[PDB]
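Everything below concerns the one structure shown next.
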Amino acid sequence: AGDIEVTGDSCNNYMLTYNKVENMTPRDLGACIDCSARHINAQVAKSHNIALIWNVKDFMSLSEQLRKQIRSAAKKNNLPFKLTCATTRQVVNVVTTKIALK
């Protein structure tokens with residue numbers, strides 16, 4: 001694979017709405033809920049200059065299938081994807097959707 005930027009600020013565990021919920025395995029769905037991952041619209045993220053900042057341990061908890069799907073969606077939409085060891089969450093100033101089946 002290769003290089004991802006590593007930042008030191010808070011994470012958001014945001015993933016694009018292109019990664020549909022019904023297309024994940026029960027394992028990856030549980031991992032997203034366990035790390036409180038949220039859905040954000042791509043054009044919504046681009047206007048607010050929002051980057052995809054994932055906690056390293058939380059990103060690791062996802063299957064490699066979904067891990068590649070998230071970074072591929074960010075690249076497709078010219079959105080930066082970052083990793084961090086920070087566990088503090090980004091203050092949410094943009095509308096996002098909780099990932100669940102509800």
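By order in the structure tokens, chains are A, B, ...; within a chain, residues start at 1; ligands start at 1, following the order shown.
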Got a sec: who's within 7 Å of residue A:6, counting only C-alpha atoms, leaving out chain neighbours fewer than 5 positions off, as a compact mmCIF listing (two decimals) with N, CA and C atoms, in the first residue's frame?
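Now in out-v1.txt:
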# COMPACT_ATOMS: atom_id res chain seq x y z
N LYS A 82 -6.09 10.87 7.23
CA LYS A 82 -5.01 10.98 8.20
C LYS A 82 -5.20 9.94 9.30
N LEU A 83 -4.09 9.59 9.95
CA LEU A 83 -4.09 8.72 11.11
C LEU A 83 -3.53 9.48 12.31
N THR A 84 -3.95 9.07 13.50
CA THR A 84 -3.51 9.73 14.73
C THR A 84 -3.60 8.74 15.88
**Message:** When you look at residue A:32 with a cut-off of 9 Å (counting only C-alpha atoms), what residues show up, excluding the ones that are within fewer than 5 positions of it in the same chain? I need them as a PyMOL selection string.
**Reply:** chain A and resi 13+27+37-38+58+61-62+99-100
Take the residues from that selection and put them in a file with N, CA, C and O atoms, as an mmCIF file, in the first residue's frame.
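Output file again-v7.cif follows:
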data_model
loop_
_atom_site.group_PDB
_atom_site.id
_atom_site.type_symbol
_atom_site.label_atom_id
_atom_site.label_comp_id
_atom_site.auth_asym_id
_atom_site.auth_seq_id
_atom_site.Cartn_x
_atom_site.Cartn_y
_atom_site.Cartn_z
ATOM 1 N N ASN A 13 -12.883 9.823 13.176
ATOM 2 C CA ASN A 13 -13.341 8.518 12.697
ATOM 3 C C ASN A 13 -14.468 8.678 11.679
ATOM 4 O O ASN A 13 -15.422 7.899 11.642
ATOM 5 N N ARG A 27 -18.918 -7.929 11.468
ATOM 6 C CA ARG A 27 -17.712 -7.618 12.229
ATOM 7 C C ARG A 27 -17.344 -6.145 12.107
ATOM 8 O O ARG A 27 -17.090 -5.472 13.112
ATOM 9 N N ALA A 37 -17.687 5.574 14.979
ATOM 10 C CA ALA A 37 -17.483 6.122 13.647
ATOM 11 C C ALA A 37 -18.773 6.759 13.139
ATOM 12 O O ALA A 37 -19.877 6.362 13.516
ATOM 13 N N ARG A 38 -18.625 7.762 12.274
ATOM 14 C CA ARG A 38 -19.773 8.517 11.791
ATOM 15 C C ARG A 38 -19.675 8.722 10.287
ATOM 16 O O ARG A 38 -18.585 8.722 9.708
ATOM 17 N N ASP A 58 -8.403 2.390 16.308
ATOM 18 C CA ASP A 58 -9.745 2.209 15.766
ATOM 19 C C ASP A 58 -9.698 1.791 14.300
ATOM 20 O O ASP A 58 -10.449 0.904 13.878
ATOM 21 N N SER A 61 -8.946 -1.824 14.030
ATOM 22 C CA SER A 61 -10.028 -2.733 14.388
ATOM 23 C C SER A 61 -10.899 -3.101 13.194
ATOM 24 O O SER A 61 -11.625 -4.098 13.261
ATOM 25 N N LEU A 62 -10.843 -2.329 12.115
ATOM 26 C CA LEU A 62 -11.603 -2.646 10.917
ATOM 27 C C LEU A 62 -10.883 -3.701 10.089
ATOM 28 O O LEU A 62 -9.652 -3.798 10.098
ATOM 29 N N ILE A 99 -23.149 5.788 12.433
ATOM 30 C CA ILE A 99 -23.158 4.530 11.692
ATOM 31 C C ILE A 99 -23.812 3.459 12.555
ATOM 32 O O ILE A 99 -23.293 3.098 13.616
ATOM 33 N N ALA A 100 -24.954 2.954 12.101
ATOM 34 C CA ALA A 100 -25.703 1.920 12.807
ATOM 35 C C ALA A 100 -26.738 1.358 11.840
ATOM 36 O O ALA A 100 -26.846 1.796 10.690
#
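If you measure from each of A:39, A:34, A:72, A:54 to residue A:20 using only C-alpha atoms, the closest one turns out to be A:39.
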task = List every residue of chain A that DSSP, applied to the backbone of this structure, places in strand (DSSP E or B), and write the result as JSON, numbers by chain.
result = {"A": [5, 6, 11, 14, 15, 16, 38, 39, 40, 52, 53, 54, 55, 81, 82, 83, 84, 89, 97, 98]}
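In this comparison, which uses only C-alpha atoms, the residue of A:50, A:11, A:40, A:21 approaching residue A:95 most closely is A:40.
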Between A:17, A:63, A:10, A:90, smallest distance to residue A:44 by only C-alpha atoms belongs to A:17
Please list as a ChimeraX atom specification every residue within 12 Å of residue A:73, counting only C-alpha atoms and excluding residues in the same chain fewer than 6 positions away.
/A:14-20,40-42,52,66-67,79-81
Would you give me, as a ChimeraX atom specification, the residues in chain A that DSSP reads as helix (DSSP H, G or I)?
/A:26-34,42-47,56-61,64-76
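Shortest atom-to-atom contact with residue A:71 among A:29, A:53, A:35, A:85: A:53, counting only C-alpha atoms.
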Counting only C-alpha atoms, the residue among A:7, A:77, A:49, A:55 that lies closest to residue A:89 is A:55
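The spacing separating atom CA of residue A:48 from atom CA of residue A:86 amounts to 21.5 Å.
Of note, atom CA of residue A:68 and atom CA of residue A:91 are spaced 25.9 Å apart.
For the set A:36, A:88, A:25, A:97, the residue with the smallest atom-to-atom gap to residue A:59 is A:36, counting only C-alpha atoms.
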